[PDB]
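Participant: My file is final-v5.txt. It has compact mmCIF, C-alpha atoms and all ligand atoms:
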# COMPACT_ATOMS: atom_id res chain seq x y z
CA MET A 1 18.07 23.06 38.45
CA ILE A 2 20.03 19.99 39.54
CA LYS A 3 23.05 20.12 37.24
CA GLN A 4 25.46 17.50 35.94
CA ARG A 5 28.85 17.53 37.64
CA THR A 6 32.46 17.02 36.57
CA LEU A 7 35.90 17.69 38.08
CA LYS A 8 37.36 21.17 38.61
CA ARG A 9 40.93 20.11 37.89
CA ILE A 10 43.11 17.26 36.66
CA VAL A 11 44.51 14.96 39.37
CA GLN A 12 46.85 11.96 39.32
CA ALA A 13 47.74 9.04 41.57
CA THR A 14 49.93 5.94 41.36
CA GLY A 15 49.47 2.39 42.62
CA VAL A 16 49.95 -1.24 41.59
CA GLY A 17 47.70 -3.20 39.27
CA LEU A 18 46.07 -6.27 40.80
CA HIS A 19 46.87 -8.31 37.66
CA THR A 20 50.35 -7.18 36.62
CA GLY A 21 51.77 -6.02 39.95
CA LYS A 22 53.29 -3.06 38.11
CA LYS A 23 53.03 0.64 38.89
CA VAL A 24 50.07 2.27 37.17
CA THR A 25 49.55 6.02 36.90
CA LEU A 26 45.90 7.09 37.09
CA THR A 27 44.79 10.45 35.68
CA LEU A 28 41.33 11.97 36.21
CA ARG A 29 40.16 14.77 33.92
CA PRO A 30 37.19 17.15 33.71
CA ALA A 31 34.75 16.48 30.85
CA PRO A 32 31.93 18.46 29.16
CA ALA A 33 28.22 17.77 29.72
CA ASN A 34 26.54 14.59 28.45
CA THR A 35 29.84 12.89 27.59
CA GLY A 36 29.46 10.61 30.61
CA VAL A 37 32.09 8.33 32.13
CA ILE A 38 34.97 7.31 29.86
CA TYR A 39 37.77 4.92 30.81
CA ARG A 40 40.87 5.34 28.63
CA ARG A 41 44.07 3.31 28.11
CA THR A 42 47.08 5.44 27.20
CA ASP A 43 49.56 2.56 27.23
CA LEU A 44 48.18 1.55 23.83
CA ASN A 45 49.02 3.69 20.81
CA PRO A 46 46.74 5.12 19.80
CA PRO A 47 44.87 5.38 23.13
CA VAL A 48 41.63 3.42 23.49
CA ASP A 49 38.37 4.73 24.95
CA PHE A 50 35.92 2.57 26.88
CA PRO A 51 32.64 4.42 27.47
CA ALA A 52 31.06 3.14 30.70
CA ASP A 53 28.09 1.13 29.46
CA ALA A 54 26.16 -1.83 30.91
CA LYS A 55 26.57 -3.77 27.67
CA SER A 56 30.36 -3.40 27.70
CA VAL A 57 30.87 -5.06 31.07
CA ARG A 58 32.46 -8.47 31.49
CA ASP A 59 32.78 -10.22 34.86
CA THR A 60 36.28 -11.66 34.75
CA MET A 61 37.57 -13.99 37.46
CA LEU A 62 39.23 -11.04 39.21
CA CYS A 63 36.98 -8.03 39.67
CA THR A 64 35.50 -6.74 36.37
CA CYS A 65 36.50 -5.13 33.07
CA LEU A 66 35.16 -3.20 30.07
CA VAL A 67 35.69 -4.29 26.46
CA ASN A 68 35.59 -2.48 23.12
CA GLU A 69 34.49 -3.88 19.76
CA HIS A 70 37.82 -5.69 19.32
CA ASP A 71 37.75 -7.25 22.81
CA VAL A 72 40.57 -5.06 24.08
CA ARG A 73 40.08 -4.60 27.84
CA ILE A 74 40.43 -2.25 30.77
CA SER A 75 40.17 -4.02 34.11
CA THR A 76 39.31 -3.34 37.74
CA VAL A 77 37.08 -0.33 37.11
CA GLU A 78 34.27 -1.04 39.58
CA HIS A 79 35.69 0.36 42.83
CA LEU A 80 36.61 3.71 41.28
CA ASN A 81 33.26 3.63 39.52
CA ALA A 82 31.58 3.15 42.89
CA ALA A 83 33.33 6.27 44.18
CA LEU A 84 32.00 8.17 41.14
CA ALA A 85 28.44 7.28 42.11
CA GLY A 86 29.15 8.16 45.74
CA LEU A 87 30.44 11.67 45.02
CA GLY A 88 27.92 12.32 42.25
CA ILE A 89 30.33 12.57 39.30
CA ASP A 90 28.53 12.46 35.93
CA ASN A 91 31.13 13.33 33.32
CA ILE A 92 34.80 12.45 33.56
CA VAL A 93 37.73 11.00 31.66
CA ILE A 94 39.70 8.35 33.53
CA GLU A 95 43.14 7.49 32.11
CA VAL A 96 45.62 4.76 32.99
CA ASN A 97 48.94 4.05 31.31
CA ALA A 98 48.24 0.36 31.79
CA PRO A 99 45.60 -2.31 31.14
CA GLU A 100 43.98 -1.72 34.55
CA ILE A 101 42.95 0.69 37.29
CA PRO A 102 45.26 0.46 40.32
CA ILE A 103 43.84 -1.74 43.11
CA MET A 104 44.96 0.62 45.91
CA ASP A 105 43.92 -0.77 49.32
CA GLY A 106 41.11 -2.89 47.89
CA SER A 107 38.39 -0.36 48.73
CA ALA A 108 36.98 2.84 47.24
CA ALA A 109 38.29 5.16 49.95
CA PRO A 110 41.57 6.19 48.31
CA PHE A 111 39.55 7.26 45.26
CA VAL A 112 37.36 9.44 47.48
CA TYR A 113 40.27 11.66 48.54
CA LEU A 114 41.54 11.80 44.96
CA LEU A 115 38.18 13.04 43.66
CA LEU A 116 37.89 15.53 46.51
CA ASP A 117 41.28 16.91 45.45
CA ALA A 118 39.94 17.38 41.92
CA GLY A 119 36.92 19.35 43.12
CA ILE A 120 33.43 19.77 41.70
CA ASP A 121 32.31 21.78 38.70
CA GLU A 122 28.60 22.04 37.92
CA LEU A 123 27.72 22.15 34.22
CA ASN A 124 24.75 24.09 32.87
CA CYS A 125 22.80 20.99 31.84
CA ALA A 126 20.18 19.02 33.75
CA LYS A 127 21.30 15.79 35.42
CA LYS A 128 19.25 12.78 34.30
CA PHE A 129 18.13 10.06 36.70
CA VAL A 130 16.78 6.61 35.89
CA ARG A 131 13.49 6.30 37.78
CA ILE A 132 12.24 2.75 38.24
CA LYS A 133 8.49 2.45 37.66
CA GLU A 134 7.99 -1.30 37.28
CA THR A 135 9.35 -4.17 39.35
CA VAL A 136 12.16 -5.94 37.49
CA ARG A 137 13.70 -9.22 38.60
CA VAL A 138 16.48 -11.44 37.26
CA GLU A 139 17.57 -14.86 38.50
CA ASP A 140 20.40 -17.37 38.32
CA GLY A 141 19.68 -20.56 40.23
CA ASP A 142 19.05 -19.77 43.89
CA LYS A 143 20.42 -16.25 43.34
CA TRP A 144 18.26 -13.24 42.53
CA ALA A 145 18.23 -9.45 42.19
CA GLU A 146 15.42 -6.98 41.62
CA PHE A 147 14.61 -3.29 41.41
CA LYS A 148 11.34 -1.84 42.65
CA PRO A 149 9.66 1.57 42.45
CA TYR A 150 10.70 3.82 45.34
CA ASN A 151 11.29 7.58 45.61
CA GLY A 152 14.89 7.26 46.74
CA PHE A 153 17.80 4.84 46.43
CA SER A 154 18.10 1.91 48.82
CA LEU A 155 20.16 -1.28 48.64
CA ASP A 156 19.33 -4.49 50.51
CA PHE A 157 22.08 -7.08 50.12
CA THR A 158 22.31 -10.60 51.54
CA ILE A 159 25.38 -12.80 51.00
CA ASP A 160 25.51 -16.59 51.37
CA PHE A 161 28.82 -17.28 53.09
CA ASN A 162 29.74 -20.29 55.10
CA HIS A 163 33.17 -19.39 56.31
CA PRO A 164 34.07 -19.67 60.01
CA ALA A 165 35.55 -16.15 59.94
CA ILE A 166 32.25 -14.66 58.75
CA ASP A 167 29.43 -14.78 61.30
CA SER A 168 25.82 -15.13 60.18
CA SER A 169 24.67 -11.86 61.77
CA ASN A 170 27.09 -10.28 59.28
CA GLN A 171 25.63 -11.66 56.04
CA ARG A 172 23.19 -8.88 55.24
CA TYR A 173 23.56 -5.13 54.88
CA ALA A 174 20.94 -2.53 54.01
CA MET A 175 21.20 1.21 53.57
CA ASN A 176 19.52 4.27 52.21
CA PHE A 177 22.11 5.56 49.77
CA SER A 178 23.64 9.01 50.06
CA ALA A 179 27.04 10.59 49.40
CA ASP A 180 27.68 10.79 53.14
CA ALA A 181 26.49 7.25 53.86
CA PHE A 182 28.64 5.87 51.05
CA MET A 183 31.73 7.72 52.18
CA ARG A 184 31.41 6.66 55.83
CA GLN A 185 29.69 3.26 55.85
CA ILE A 186 30.86 1.78 52.51
CA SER A 187 33.92 3.41 50.93
CA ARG A 188 36.51 1.80 53.25
CA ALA A 189 35.29 -1.80 52.95
CA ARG A 190 37.98 -3.85 51.20
CA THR A 191 37.69 -6.64 48.66
CA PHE A 192 38.45 -10.16 49.86
CA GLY A 193 39.74 -13.52 48.67
CA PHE A 194 40.70 -17.07 49.60
CA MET A 195 44.44 -17.41 50.25
CA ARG A 196 44.97 -20.77 48.54
CA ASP A 197 43.29 -19.55 45.34
CA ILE A 198 45.44 -16.41 45.33
CA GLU A 199 48.58 -18.50 45.91
CA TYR A 200 47.56 -20.57 42.90
CA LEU A 201 46.90 -17.62 40.61
CA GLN A 202 50.22 -16.04 41.56
CA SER A 203 52.01 -19.32 40.84
CA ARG A 204 50.52 -19.15 37.34
CA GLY A 205 51.76 -15.57 37.01
CA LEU A 206 48.35 -13.99 37.70
CA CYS A 207 47.06 -11.60 40.37
CA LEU A 208 50.65 -10.42 40.76
CA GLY A 209 49.59 -7.20 42.50
CA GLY A 210 47.78 -9.12 45.22
CA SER A 211 49.01 -8.44 48.76
CA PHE A 212 47.69 -7.91 52.32
CA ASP A 213 47.77 -4.21 51.50
CA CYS A 214 45.06 -4.59 48.85
CA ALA A 215 42.70 -7.26 50.21
CA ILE A 216 41.25 -9.15 53.13
CA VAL A 217 42.63 -12.68 52.77
CA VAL A 218 41.31 -15.69 54.69
CA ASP A 219 42.49 -19.30 54.75
CA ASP A 220 40.06 -22.13 55.60
CA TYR A 221 39.56 -20.84 59.13
CA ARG A 222 40.45 -17.17 59.71
CA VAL A 223 41.35 -13.69 58.53
CA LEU A 224 45.11 -13.57 57.89
CA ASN A 225 45.47 -9.78 57.84
CA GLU A 226 47.41 -8.69 60.92
CA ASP A 227 44.98 -5.90 61.90
CA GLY A 228 41.83 -7.88 61.10
CA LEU A 229 38.69 -6.19 59.80
CA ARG A 230 37.69 -2.52 59.47
CA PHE A 231 34.11 -3.58 60.19
CA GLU A 232 32.64 -6.80 61.59
CA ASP A 233 30.61 -7.05 58.39
CA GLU A 234 33.25 -5.66 56.02
CA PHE A 235 32.68 -8.49 53.53
CA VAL A 236 29.01 -7.68 52.89
CA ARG A 237 29.71 -3.94 52.99
CA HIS A 238 32.22 -4.48 50.18
CA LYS A 239 29.65 -6.49 48.24
CA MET A 240 27.41 -3.41 48.44
CA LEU A 241 30.31 -1.24 47.30
CA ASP A 242 30.59 -3.57 44.30
CA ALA A 243 26.81 -3.35 43.69
CA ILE A 244 26.88 0.47 43.58
CA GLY A 245 29.83 0.32 41.18
CA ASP A 246 28.11 -2.25 38.95
CA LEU A 247 24.82 -0.33 38.79
CA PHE A 248 26.53 2.96 37.97
CA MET A 249 27.93 1.43 34.77
CA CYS A 250 24.87 2.91 33.04
CA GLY A 251 26.23 6.34 33.96
CA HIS A 252 23.12 7.49 35.80
CA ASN A 253 21.91 7.37 39.39
CA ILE A 254 18.86 5.16 39.74
CA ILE A 255 15.84 6.14 41.79
CA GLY A 256 14.49 2.84 43.10
CA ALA A 257 14.78 -0.03 45.58
CA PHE A 258 17.58 -2.52 44.96
CA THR A 259 17.37 -5.92 46.65
CA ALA A 260 19.76 -8.81 46.03
CA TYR A 261 20.26 -12.30 47.44
CA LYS A 262 23.64 -13.91 46.76
CA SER A 263 24.28 -11.42 43.95
CA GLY A 264 27.55 -10.52 42.23
CA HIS A 265 28.93 -8.57 39.28
CA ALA A 266 27.26 -10.84 36.71
CA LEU A 267 23.81 -10.79 38.29
CA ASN A 268 23.92 -7.06 39.10
CA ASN A 269 24.79 -6.30 35.49
CA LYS A 270 22.12 -8.71 34.27
CA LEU A 271 19.56 -6.77 36.29
CA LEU A 272 20.87 -3.44 35.00
CA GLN A 273 20.49 -4.54 31.38
CA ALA A 274 17.11 -6.11 32.13
CA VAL A 275 15.81 -2.83 33.50
CA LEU A 276 17.13 -0.71 30.63
CA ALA A 277 15.91 -3.16 27.99
CA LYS A 278 12.25 -2.79 28.98
CA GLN A 279 11.12 0.67 27.90
CA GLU A 280 8.13 0.84 30.26
CA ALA A 281 10.07 -0.39 33.29
CA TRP A 282 11.89 2.94 33.66
CA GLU A 283 12.07 6.57 32.56
CA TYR A 284 14.42 9.54 32.68
CA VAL A 285 13.58 12.30 35.13
CA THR A 286 15.22 15.61 35.93
CA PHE A 287 14.85 18.09 38.75
CA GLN A 288 14.30 21.62 37.54
CA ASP A 289 13.23 22.16 41.13
CA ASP A 290 16.01 21.28 43.59
CA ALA A 291 13.63 20.70 46.51
CA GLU A 292 12.17 17.79 44.52
CA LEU A 293 15.55 16.05 44.58
CA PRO A 294 15.35 12.83 46.64
CA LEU A 295 17.24 12.84 49.94
CA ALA A 296 19.51 10.10 48.56
CA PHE A 297 21.19 12.12 45.80
CA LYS A 298 21.99 15.43 47.52
CA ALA A 299 25.50 16.89 47.19
CA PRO A 300 28.15 15.54 49.63
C1 LIG A 401 34.96 -9.80 46.14
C2 LIG A 401 34.93 -10.03 44.69
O1 LIG A 401 34.74 -11.31 44.32
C3 LIG A 401 35.96 -9.35 43.96
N1 LIG A 401 37.25 -9.58 44.41
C4 LIG A 401 38.30 -10.09 43.56
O2 LIG A 401 38.06 -10.55 42.46
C5 LIG A 401 39.64 -10.25 44.19
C6 LIG A 401 39.72 -10.13 45.57
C7 LIG A 401 40.95 -10.27 46.22
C8 LIG A 401 42.11 -10.52 45.47
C9 LIG A 401 43.42 -10.67 46.18
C10 LIG A 401 44.48 -10.84 46.77
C11 LIG A 401 45.75 -11.11 47.50
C12 LIG A 401 46.79 -11.35 48.10
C13 LIG A 401 48.05 -11.67 48.84
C14 LIG A 401 49.15 -12.14 48.09
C15 LIG A 401 50.34 -12.48 48.75
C16 LIG A 401 50.42 -12.36 50.14
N2 LIG A 401 51.64 -12.72 50.81
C17 LIG A 401 49.32 -11.91 50.88
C18 LIG A 401 48.12 -11.57 50.22
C19 LIG A 401 42.03 -10.64 44.09
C20 LIG A 401 40.80 -10.51 43.43
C21 LIG A 401 35.74 -7.91 43.81
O3 LIG A 401 35.77 -7.18 44.79
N3 LIG A 401 35.19 -7.39 42.61
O4 LIG A 401 34.86 -6.12 42.60
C1 LIG A 402 42.66 -19.91 38.66
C2 LIG A 402 41.87 -20.29 39.51
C3 LIG A 402 40.91 -20.75 40.55
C4 LIG A 402 39.65 -20.18 40.69
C5 LIG A 402 38.76 -20.64 41.68
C6 LIG A 402 39.15 -21.68 42.52
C7 LIG A 402 38.23 -22.25 43.59
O1 LIG A 402 37.04 -22.39 43.37
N1 LIG A 402 38.81 -22.70 44.85
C8 LIG A 402 38.02 -23.52 45.77
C9 LIG A 402 37.58 -22.83 47.00
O2 LIG A 402 36.71 -23.34 47.69
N2 LIG A 402 37.88 -21.44 47.16
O3 LIG A 402 37.31 -20.77 48.12
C10 LIG A 402 38.79 -24.76 46.21
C11 LIG A 402 39.34 -25.54 45.03
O4 LIG A 402 39.82 -24.41 47.07
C12 LIG A 402 40.41 -22.25 42.38
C13 LIG A 402 41.29 -21.79 41.40
ZN ZN A 403 35.00 -5.31 44.70
Would you encode the structure as structure tokens?
Ligand SMILES: C[C@H](O)[C@H](NC(=O)c1ccc(C#CC#Cc2ccc(N)cc2)cc1)C(=O)N=O
Ligand SMILES: C#Cc1ccc(C(=O)N[C@H](C(=O)N=O)[C@@H](C)O)cc1
Ligand SMILES: [Zn+2]
Facilitator:
Amino acid sequence: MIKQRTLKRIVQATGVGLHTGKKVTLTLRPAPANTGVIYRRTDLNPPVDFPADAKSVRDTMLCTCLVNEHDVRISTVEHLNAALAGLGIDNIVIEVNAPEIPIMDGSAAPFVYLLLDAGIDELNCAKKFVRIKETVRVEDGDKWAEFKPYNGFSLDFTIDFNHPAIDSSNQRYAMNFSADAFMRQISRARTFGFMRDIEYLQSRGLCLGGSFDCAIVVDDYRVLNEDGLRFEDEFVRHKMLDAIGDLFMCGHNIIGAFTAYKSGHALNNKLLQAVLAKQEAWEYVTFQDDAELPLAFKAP
């Protein structure tokens, strides 16, 4: 039987918050079956829990955040979340002594090593997948995103960029998901921003953790980062990293075909909620028989 997974041990890491620029300590903890993904703020007293849920997401100007019933927030969860999907973590408590998850290097990679340090513990309870069984499409102007039936997990992402430092042949990425493919082809792709906008935010006391160490920054014409890009198409690879993180907000791996044109956090989440809202568009499935398990969701 394909079992739910959690961490073997508690691990910690430090880093700066994108918003505050202050040092944030991140603590990852094992969690029992069926409890899912829980983000927790321990700076507040008492601590506040934010169960990962599609309905709780808000797409703020910088990255994303979760909210509780009083509109208290925890921000920048999507890159760590993406790593959770990549390494097949189902139940976990994620604590920060701050209002946000540390930005690290702007990618998911640093979270990969952290999770590997924590190890894997299988729990005696079947892992539930969300199997798409009807086509579901959402739109927003000339932007769209859809899920289609497909015995696997694939993502097909096209981004509309006109920036001189981003060539056209690098405005589409497509992959058949897997722990190994995520770790190698996606996890290291960094987030990115426009330098003048960042300068502005920081002059208003925002995005104070922003630096070359946590993002690809371009001006009107070029990449400013000394070493350049980790991939020629790092921008679109990161957009796919963000898609995986957005979709995993439901706490389950989805068996289906994801396609998106000019999509982002808002649209991805709108699709996620659209799928879950229609009862006949999806169903839970488990794998009592391991050989049944789609290629895409095999252990790392
Ligand atoms: C891609 C998505 O839209 C989105 N990215 C952000 O919202 C985002 C991206 C980059 C930054 C930044 C920065 C910086 C800097 C810097 C400051 C000073 C100096 N000297 C050099 C560099 C913030 C937010 C995101 O990835 N969401 O998941
Ligand atoms: C706070 C804030 C804030 C958020 C977004 C923008 C923005 O749209 N900047 C524009 C731009 O084209 N950026 O690439 C143009 C204006 O440069 C500017 C400021
Ligand atoms: Zn991102």
Participant: Atom CA of residue 44 of chain A and atom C4 of ligand LIG 402 (chain A) are how many Å apart?
Facilitator: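 That distance, rounded to one decimal, is 28.8 Å.
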Participant: Output the neighbourhood of ligand LIG 402 (chain A) as a VMD selection string, that is, all protein and nucleic acid residues with some atom at most 6 Å from the ligand, counting all atoms listed in the file.
Facilitator: chain A and resid 194 197 201
Participant: Could you list, as number ranges by chain, every residue within 8 Å of residue 58 of chain A, counting only C-alpha atoms and ignoring same-chain residues fewer than 4 positions away?
Facilitator: A: 64-67, 266
Participant: Using only C-alpha atoms, please write the residues we just selected to a file, as a short mmCIF file (atom, residue, chain, number, x, y, z; two decimals), in the frame of the given file.
Facilitator:
data_model
loop_
_atom_site.label_atom_id
_atom_site.label_comp_id
_atom_site.auth_asym_id
_atom_site.auth_seq_id
_atom_site.Cartn_x
_atom_site.Cartn_y
_atom_site.Cartn_z
CA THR A 64 35.50 -6.74 36.37
CA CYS A 65 36.50 -5.13 33.07
CA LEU A 66 35.16 -3.20 30.07
CA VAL A 67 35.69 -4.29 26.46
CA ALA A 266 27.26 -10.84 36.71
#
Participant: Would you kindly return, as number ranges by chain, each protein, DNA or RNA residue with an atom no farther than 8 Å from any atom of segment 207-217 of chain A, considering all atoms listed in the file and excluding same-chain residues fewer than 2 positions away?
Facilitator: A: 16-22, 62, 103-107, 190-195, 198, 201-202, 205, 219, 223-225, 229
Participant: Out of A:141, A:152, A:245, A:119, which residue has the shortest atom-to-atom distance to ligand LIG 401 (chain A) when counting all atoms listed in the file?
Facilitator: A:245
Participant: Can you list, as number ranges by chain, every protein, DNA or RNA residue that comes within 10 Å of residue 90 of chain A when you count only C-alpha atoms, leaving out same-chain residues fewer than 5 positions away?
Facilitator: A: 3-7, 31-37, 84-85, 122-123, 127-128, 248, 251-253
Participant: Mind running chain A against ligand ZN 403 (chain A) at 7 Å and telling me each contacting residue's nearest atom pair with the distance in Å (one decimal), counting all atoms listed in the file, chain and number ascending, as a Markdown table?
Facilitator:
| residue | atom | partner | partner_atom | distance |
| --- | --- | --- | --- | --- |
| A:63 | CA | A:ZN403 | ZN | 6.1 |
| A:78 | CA | A:ZN403 | ZN | 6.7 |
| A:79 | CA | A:ZN403 | ZN | 6.0 |
| A:191 | CA | A:ZN403 | ZN | 5.0 |
| A:238 | CA | A:ZN403 | ZN | 6.2 |
| A:239 | CA | A:ZN403 | ZN | 6.5 |
| A:241 | CA | A:ZN403 | ZN | 6.7 |
| A:242 | CA | A:ZN403 | ZN | 4.8 |
Participant: I'd like to know which of A:102, A:96, A:15, A:260 is closest to residue 76 of chain A, using only C-alpha atoms.
Facilitator: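 Of A:102, A:96, A:15, A:260, the one nearest residue 76 of chain A is A:102, counting only C-alpha atoms.
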Participant: Give the centre and edge lengths of an axis-aligned box, in Å to one decimal, that holds all listed atoms of ligand LIG 401 (chain A) with 8 Å on each side, as lines of an AutoDock Vina configuration file.
Facilitator:
center_x = 43.2
center_y = -9.4
center_z = 46.7
size_x = 32.9
size_y = 22.6
size_z = 24.4
Participant: My list of candidates is A:157, A:261, A:150, A:235. Which is closest to ligand LIG 401 (chain A) when distances are computed with all atoms listed in the file?
Facilitator: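 Closest residue, counting all atoms listed in the file: A:235.
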Participant: Which polymer residues, protein or nucleic acid, are no farther than 8 Å from (30.4, 0.6, 35.3), counting all atoms listed in the file, as a ChimeraX atom specification?
Facilitator: /A:52-54,57,77-78,81,245-251
Participant: Could you check the closest approach to ligand LIG 401 (chain A) for each of A:220, A:226, A:142, A:167 and tell me which residue wins, using only C-alpha atoms and all ligand atoms?
Facilitator: A:226
Participant: Which is closer to residue 180 of chain A than all the others in A:299, A:38, A:236, A:72, using all atoms listed in the file?
Facilitator: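 Result for the nearest residue to residue 180 of chain A: A:299.
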Participant: Please provide the set of residues having any atom within 8 Å of residue 74 of chain A, restricted to all atoms listed in the file, with same-chain residues fewer than 4 positions apart removed, written as a PyMOL selection string.
Facilitator: chain A and resi 39-41+50+65-67+99-101
Participant: Using all atoms listed in the file for the distances, tell me which of A:92, A:125, A:175, A:189 is nearest to ligand LIG 401 (chain A).
Facilitator: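 Smallest separation from ligand LIG 401 (chain A) among the options: A:189.
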Participant: Which residues are near residue 10 of chain A? Cut-off 8 Å, only C-alpha atoms, ignore same chain within fewer than 3 positions. Put them as an MDAnalysis selection string.
Facilitator: chainID A and resid 7 27:30 118
